[PDB]
């Protein structure tokens, strides 16, 4: 369908330590309703609607220099939540599992007074956001 045209089909990201990354994403994408698509020795993909998220193991010869979200390339990914309650729930989960929570001083309005969201970090230091409608 031409209706799908322009929608994002998939997004592929190289990760430093696959195992650790898969632990985080399985959890988050799990909490957000994604299902596993394909898993292999060097990666894993997840499905939601008509868009996939694919994570691959960074090759040895390319693990250095390490990823920095301030540099050219990816800064962050943001996802929709059904409600503020969901954002609150995720925030609490994050704290428990120890995933880094950003801008705690302004949470859940670090993005502005009319922007209700949690900002965190995946194991690669990639910034991740979940925003309430």
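Residue numbers count along the first chain shown, from 1.
Residue 79: CA B factor lies in the lowest third for its chain, per the PDB record. Among the modelled residues of the chain, residue 61 sits in the highest third by CA temperature factor in this PDB entry.
Looking at the C-alpha B-factors along this chain, the one for residue 121 belongs to the lowest third. Annotation for residue 106: CA B-factor lies in the highest third of the chain's modelled residues.
When the modelled residues of the chain are ordered by their C-alpha B factor, residue 31 lands in the middle third.
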